[PDB]
Amino acid sequence: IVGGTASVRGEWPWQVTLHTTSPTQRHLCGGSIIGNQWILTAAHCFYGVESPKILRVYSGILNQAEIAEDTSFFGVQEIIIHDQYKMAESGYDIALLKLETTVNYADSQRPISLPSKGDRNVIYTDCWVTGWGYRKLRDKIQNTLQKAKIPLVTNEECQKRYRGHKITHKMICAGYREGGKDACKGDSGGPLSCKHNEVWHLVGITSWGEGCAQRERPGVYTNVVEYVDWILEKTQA
Ligand SMILES: *[C@](=O)([C]([C][C][C][N]C([N])=[N])[N]C(=O)[C]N1C(=O)C([N])=[C]N=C1C1=[C][C]=[C]C([C])=[C]1)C1=N[C]=[C]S1
């Protein structure tokens with residue numbers, strides 16, 4: 001996260017850090033708890049991943065330092081990538097992780113509500129992007145979960161900032177015309193929490209962007225609401 005600040009412990013209980021154990025354990029991507037056994041994240045986060053066996057999901061984490069060999073974690077039983085996904089920049093950057101065991105909800109870990117179709121007209125004025133990603137280009141995973149408030153921008157406005165790309169309605173962007181605050185390498189799969197009516201909503205999933213926090217280069221996110229039907233279909237046994 002660029003231009004952000006340290007999060008308060010438990011402030012974003014749906015945020016999880018997804019690790020890979022190969023070759024050695026390290027943070028790979030962010031993710032959001034949306035069910036007792038489901039993590040919603042980015043599909044482009046599994047590039048080079050042949051098996052869910054090397055994945056580990058940690059919930060209720062603030063500092064990566066809390067993660068040691070003796071720290072409990074959730075195994076991943078199955079990785080579900082949207083069948084239309086090809087690459088982050090083309091859209092459909094959405095994936096579901098089915099955990100091997102269920103998450104016991106607590107103040108440190110609980111699920112975030114998915115947006116409803118009857119909310120595409122809602123004016124989210126209080127949105128935040130969170131993660132352990134870079135604070136800039138060519139950096140490294142940060143220890144303390146970072147947070148940054150960032151305004152959503154219209155699709156028409158985002159398209160202007162990304163000529164050469166096709167910003168569809170299944171994407172949503174956010175950022176400052178002047179840059180300064182934004183997601184970065186490592187925040188991928190992270191949630192884009194929007195506070196609307198004393199209630200948090202998973203509006204987007206950190207997907208891509210040109211560089212990090214550059215001026216006139218909004219972060220691009222998966223427009224979650226466009227996938228509630230997909231999410232329902234894939235999570236029902
Ligand atoms: C991510 O967290 C990053 C976050 C980048 C978001 N940046 C801004 N300014 N909002 N995601 C990517 O690197 C995804 N990505 C791109 O954004 C671009 N421009 C080109 N390629 C990719 C990409 C696609 C598939 C696989 C990879 C490794 C990169 C991370 N996601 C994985 C590691 S860090």
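Among the residues making up segment 190-236, those that are closer than 15 Å to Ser116 by Cβ and of a type in the set (A, V, I, L, M, F, W, C) are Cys194, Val199, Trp200, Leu202, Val203, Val224, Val225, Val228, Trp230, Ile231, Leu232. Counting the residues of segment 20-57 that are more than 14 Å from the chain's Cα centre (by Cα) and either closer than 20 Å to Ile150 by Cβ or not hydrophobic (A, V, I, L, M, F, W, C) (or both) gives 17. Taking segment 33-48, which residues are in contact with a helix residue (DSSP H, G or I) (Cβ under 9 Å, 6 or more places away or on another chain) and part of a strand (DSSP E or B)? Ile34, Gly35, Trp38, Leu40 - these are the residues of segment 33-48 that are in contact with a helix residue (DSSP H, G or I) (Cβ under 9 Å, 6 or more places away or on another chain) and part of a strand (DSSP E or B). When segment 1-17 is filtered for residues that are part of a strand (DSSP E or B), crowded, with 24+ Cβ neighbours inside 10 Å and among the aliphatic types (A, V, I, L, M), the ones remaining, listed by number, are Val2, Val16.
Filtering segment 131-171 to residues that are part of a loop (DSSP other than H, G, I, E, B), of a type in the set (S, T, N, Q) and more than 13 Å from the ligand (Cβ to nearest atom) leaves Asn143, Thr154, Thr168. The requirement of being closer than 24 Å to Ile141 by Cα, crowded, with 20+ Cβ neighbours inside 10 Å and assigned by CATH to the domain that holds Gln25 is not satisfied by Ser72. Within the bounds of segment 57-64, is there any residue that is outside the structural domain of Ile167 (by CATH), of a type outside the set (A, V, I, L, M) and either more than 17 Å from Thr102 (Cβ to Cβ) or surrounded by fewer than 17 Cβ atoms within 10 Å (Cβ to Cβ) (or both)? Yes, there is a match, as at least one residue in segment 57-64 is outside the structural domain of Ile167 (by CATH), of a type outside the set (A, V, I, L, M) and either more than 17 Å from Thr102 (Cβ to Cβ) or surrounded by fewer than 17 Cβ atoms within 10 Å (Cβ to Cβ) (or both). Whenever a residue of segment 169-188 is in the same structural domain as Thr5 (by CATH), its partners that are away from the ligand (no atom under 11 Å from the Cβ) and β-branched (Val, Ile, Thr), lying with C-beta atoms within less than 6 angstrom and at least six residues away or across chains, give the pairs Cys173/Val153. When the residues of segment 175-226 are filtered to those that are in a loop (DSSP other than H, G, I, E, B), closer than 23 Å to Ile33 by Cβ and among the polar types (S, T, N, Q), the one that is nearest to the ligand (Cβ to nearest atom) is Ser188. Of the residues making up segment 1-19, those that are more than 14 Å from the ligand (Cβ to nearest atom) and either more than 16 Å from the chain's Cα centre (by Cα) or under 17 Å from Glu69 (Cβ atoms) (or both) are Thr5, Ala6, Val8, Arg9, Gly10.
Could you tell me whether any residue of segment 78-85 is more than 16 Å from the ligand (Cβ to nearest atom), within 20 Å of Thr24 (Cα to Cα) and of a type in the set (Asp, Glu)? Let's see the steps before the verdict.
At the first step, the residues of segment 78-85 found to be more than 16 Å from the ligand (Cβ to nearest atom) are 78, 80, 83.
Still in the list and also within 20 Å of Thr24 (Cα to Cα): none.
Looking for residues that are more than 16 Å from the ligand (Cβ to nearest atom), within 20 Å of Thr24 (Cα to Cα) and of a type in the set (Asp, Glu), one finds none in segment 78-85, hence no.
Note that each Cβ is placed from the backbone with ideal geometry, even for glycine, and that neighbours are counted across all protein chains shown. All of this is worked out from the model, or read from it or from the source named; none is laboratory data.
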